[PDB]
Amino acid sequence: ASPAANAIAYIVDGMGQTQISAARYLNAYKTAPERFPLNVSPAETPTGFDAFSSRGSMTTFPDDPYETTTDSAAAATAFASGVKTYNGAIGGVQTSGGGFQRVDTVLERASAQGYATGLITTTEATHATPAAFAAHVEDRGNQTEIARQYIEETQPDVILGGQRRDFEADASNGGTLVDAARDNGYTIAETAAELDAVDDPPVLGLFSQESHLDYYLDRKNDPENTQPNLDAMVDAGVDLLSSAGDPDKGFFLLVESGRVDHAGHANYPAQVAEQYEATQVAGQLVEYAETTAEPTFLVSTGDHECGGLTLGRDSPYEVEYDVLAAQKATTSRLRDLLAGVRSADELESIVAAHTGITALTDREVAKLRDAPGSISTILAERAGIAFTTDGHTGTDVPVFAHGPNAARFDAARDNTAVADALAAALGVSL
């Protein structure tokens, strides 16, 4: 038998060491503000990543003609297939002899051996990260072809994410890809309630009509939101992927917290809270790995850092974590809440209902009256954090591993190492 019965790749898209540290601090502040920051010590307050037995660093560059910093598509193809590729490539490489060539993925190989397989993400289900594990396209933007390959070709047992619109494209016969999915035995789930109601795999969960699931703060705090949180999707997914039989053939699972990246591109201070949810899910995964009858291998990393986040802004040696701890709505939701409001008292009331701000300045009122999306800069300034870019940055990022052969990650590794480790754990070739 192979070293592990189950293998899980957990990608936090956009996570570098600064996002992780920001969330470590936030966690400590929320736990015991009086003790803070003395309780930030990992000896005092273990976080979800600290539960991983090994950690190292990982280089993230692509094999691109122009860009030195990777996109998600290139990085995920490395995680899934163990090869470097160009930015925007999904599940293949550009060859000098023969144009685009598909490469196999660890998911496909695990499926061929009898492992159950899943993809779970907070982004559109067909976005680049999960797509590289279960589809092959020259351009990551071809999301209806990615959906067609999920349903007609690869057929993962669990697919959980956003954007039902992709699956409303035409199937190769009959109706839409939702129809094709039901033909193959899939239950379709569109809300958290419907997911909990699922009684048997396979499952196609599509929790938004278009675009990504809401950001973590908005899922948690918006009473109208019907989407599951990442912890609930993982819990549902692992139960559906795990069945008596095996015992050497469990499952391969991709889990992605995908919107840390989105918050970075937007320069939204809620990137920290998104990372907080992501780190909690890392802890959940270690807890699961320790409970299993047969061994479980876990590997977790960021695809690249996004936003150039720094824990400090301009000059002072202080960050105001209370601003981030008290924030109950992201800038995306606050833009909607503040739209068309002109009165200072009403602007102040809305801000106060969803953040720790109790008094706005006349200037902050003018900014929000003009453009509610300026609340992101108001909050970043009040927190004392900064972003340098609306793009990705080229830093090496942390990698974490747990389970058999996890100590091979107590090293600097390349991102292609993820695919090699997963393949070794499941005992497959490529």
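Note that residue numbering begins at 1 and tracks the sequence as displayed.
Stretch exceeding the other in mean C-alpha B-factor - 178-186, 331-339: Averaging CA B-factors over each stretch, the winner is 331-339.
Stretch exceeding the other in mean C-alpha B-factor - 305-313, 242-250: It is 242-250.
Residue of maximum C-alpha B factor among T126, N225, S257, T296, per deposited coordinates: Most elevated C-alpha B-factor of the set, per the entry: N225.
Criterion, highest CA B-factor; candidates, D214, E318, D261, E168: The record points to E168.
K84, C-alpha B-factor rank within chain (lowest, middle or highest third): Its C-alpha B-factor, which the entry lists for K84, ranks in the middle third among residues of this chain.
Within-chain third of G403 by Cα B-factor, per the entry: Ranked within chain, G403 CA B lands in the middle tercile.
Position of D104 among the chain's modelled residues by C-alpha B-factor, lowest, middle or highest third: Its C-alpha B-factor belongs to the highest third of this chain's values.
Among modelled residues of the same chain, the CA temperature factor third for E145: Its C-alpha B-factor belongs to the middle third of this chain's values.
Chain thirds of CA B-factor: placement of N27: Its C-alpha B-factor belongs to the middle third of this chain's values.
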